[PDB]
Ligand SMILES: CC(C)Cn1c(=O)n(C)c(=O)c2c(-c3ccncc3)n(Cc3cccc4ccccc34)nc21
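First, one chain by itself: the form deposited without the named molecule, in structure tokens.
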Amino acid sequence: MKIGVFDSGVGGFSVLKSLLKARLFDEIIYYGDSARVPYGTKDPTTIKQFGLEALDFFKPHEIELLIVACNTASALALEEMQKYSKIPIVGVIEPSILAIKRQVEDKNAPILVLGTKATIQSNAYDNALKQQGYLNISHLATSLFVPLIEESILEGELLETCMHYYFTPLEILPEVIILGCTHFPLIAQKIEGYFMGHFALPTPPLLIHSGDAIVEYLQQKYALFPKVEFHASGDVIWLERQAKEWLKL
């Protein structure tokens, strides 16, 4: 097929990478609203309007299916968007819950949800999880991880001090951690390392990657080479430059 991938900026590249890795589609129209990014710190009303406007961007491209790669957008604007689209719009939250259900049998396993303040406050992960029968659910808005990852601070004392800042107030010891944000996969190993150490874990907690989850899901739902076209709200060449580092083979 020919699809569109939407995100607030360059975070969506973590989804795009999984999409390319799988060779699921022949044409992908990537669009990042890099001029208004980030969404996670904004309000619900606003993100919803951004959502609608994103649809308008794809009207001329005529895609068969739109993937809302942004977790913040999937959480607060996927419904309204789907409500005005003729084509199917798949967010990243839904696929992750299927991913969890498929590999976590113990309904008591401690699950920690990570994401932006907007994502967390919408409680989209918690509701979908509870509905599926999970009883031990925690959530944390790790805002600073986004700007940190964007400055490319993927190691060192600043990241460690930042992770320590958000994690220390943690009560539960998670067996599952949801990277409910486009950025978090770039520091997934650092997060695993933090919990493995601070809790003398034998193995790292299971990490749920949004990109990998959507892919599996898309292969499932549509029993399934890769040519991308980049579009941005802000300087597009600036965005294309990021793809190089994020998508890194």
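By rigid core we mean the largest C-alpha set that fits within 1.5 Å across both forms. Residues that one form lacks are left out of the comparison. When you see a residue number, it is the position in the sequence shown, counting from 1.
One more form of this protein, deposited with the named molecule bound, exists but is not displayed; see below.
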* Where the named molecule sits in the deposited bound form, superposed onto the shown form by the site's C-alphas, are 3 or more of its atoms within 2.4 Å of backbone or C-beta (blocked), or none (open)? -> blocked
* Asked: For the chain shown here without its partner, which stretch in 98-106, 148-156, 82-90, 128-136 has non-hydrogen atoms within 4.5 angstroms of the named molecule in the deposited bound form?
  -> 148-156
* To do: Considering only heavy atoms, tell me if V10 and the named molecule come within 4.5 Å of each other in the deposited bound form.
  => yes
* Asked: Does the named molecule get within 4.5 angstroms of any non-hydrogen atom of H231 in the deposited bound form?
  -> no
* Partner proximity in the deposited bound form: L247 to the named molecule, non-hydrogen atom cutoff 4.5 Å -> yes
* To do: Indicate whether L206 is a 4.5 Å heavy atom neighbour of the named molecule in the deposited bound form.
  => no
* Taking only heavy atoms into account, state which residues of 179-207 are within 4.5 Å of the named molecule in the deposited bound form, ordered by sequence. => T182, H183, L186
* **Rigid-core superposition between the shown form and the other one, with residue runs of at least 3 whose C-alphas all shift by 2 Å or more** => 241-249
